[PDB]
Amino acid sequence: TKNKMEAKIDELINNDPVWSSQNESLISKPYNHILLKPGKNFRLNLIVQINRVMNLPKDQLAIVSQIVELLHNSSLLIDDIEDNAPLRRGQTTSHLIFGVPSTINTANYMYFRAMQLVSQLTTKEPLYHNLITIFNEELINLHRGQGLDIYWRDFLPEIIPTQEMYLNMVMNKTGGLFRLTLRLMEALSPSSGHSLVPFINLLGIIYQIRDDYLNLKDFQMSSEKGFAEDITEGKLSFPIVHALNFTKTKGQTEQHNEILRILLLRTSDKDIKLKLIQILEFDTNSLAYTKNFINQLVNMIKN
C-alpha cells in the first residue's frame, strides 16, 4: 500500500544493506572449490620459516596467513580465467564449473575481504596506514606484472620482450605476493639495517623461471608427467623469450616465425608441443640456457 510501501522503502533505505549467511555461502562457491586444492602447507611453511627471523606473535602470524591465502587463491581463480586453464591441482577449474561471471566476482570480493582483515593486525593507526599502503602497493605491482604478461601473450607478435623486460615483469608479477607477505611481516616485526626483500625478490624470480622451465622439461621427459600447458597458453615464458631473441639475433627467420606460429595456435596437440620443445632443446638451446641461468641464480643465494 502507498503507505505500507513507503514505510517499507523508508525502513529499507534507513538500514544497512541486508546480507544473509545463506547469501554469503551462495557467492563463495567459486572460492570454496579452489580451497580443496593442496599446496597450502608450504606457503604457510614459507611464512613460518620467515617468522624465525621476524618473530611475530602467533595470532598475528595467523592473520597474515589468512590475508595471503585469500589474495593468493583469488589470484589463482582469476589467473585461470585469464589463461583459459581447464585444470588446477588436478581438478576442474572454477570458472568452468560456476562460470566466468561468478568466478570473477567472487575472486574480486575476496580481494576486499582480505583487505578488511588488515585492521585485525593492529589498533595503532600509524602502523595500520603502513600495512594498507603495502597491501595497496604490491597488489598494484601484481596487476602491472600480470597485465604485461597477458598483453605480450594476447597481442603477440606486437611485442617480443627481451630477457630484461621479462625479468622486470616477473619482479612485478611474481614478486608481488612474495614481497607483500614479507613486507607486512617486516612492518609487524618487534625486532630492532636491511630487509629480506632483495632475497624474496630473488626467490620469486627463481620460482618463476623454474616453473617456466619444468613446465616444458616435465613434458619433454614424460607426456603423463605434465601437459606443457604454457605452450597451449602461448605464454612468453623464460625459455621462449630466450628462443625468440636468440633466433632473431642469429638470423634464424624460419625458426623464429615457427616459434610464434605454434604459440599463436593455442594448441593442445602433443606432437606440435613436443616439436616446439625440441626446437628449444636442439636449435636455440634455450632449455640448457635456462637450466644454467636457474643454477647461477641459486648459487647467488647458497653462496
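In this text, residue numbers run from 1 along the sequence as written.
Among other deposited entries of this protein with both flanking residues present, at least a third omit coordinates for residue 225.
In at least a third of the other compared PDB entries of this protein that cover both flanking sides, residue 193 is left without coordinates.
The modelled chain is continuous from residue 123 to residue 124, since every residue of the deposited sequence in that stretch has coordinates. Relative to one another, 132-140 and 97-105 have unequal mean CA B-factors, and 132-140 is the one with the higher figure.
Comparing the deposited coordinates for 108-116 and 86-94, the stretch with the larger average C-alpha B-factor is 86-94. Per the PDB entry, 188 shows the highest C-alpha temperature factor of the residues 228, 171, 188, 148. When the Cα B-factors of 60, 245, 28, 257 are read from the PDB record, 60 comes out highest. Per the deposited record, the Cα B-factor of residue 43 falls in the highest third when ranked against the other modelled residues of its chain. In this PDB entry, residue 210 carries a Cα temperature factor that places it within the middle third of its chain's modelled residues.
Among all modelled residues in this chain, the alpha-carbon of residue 164 has a temperature factor (C-alpha) in the middle third. Residue 153: CA B factor in the lowest third of modelled residues in this chain (values from the PDB entry). In this PDB entry, residue 270 carries a Cα temperature factor that places it within the middle third of its chain's modelled residues.
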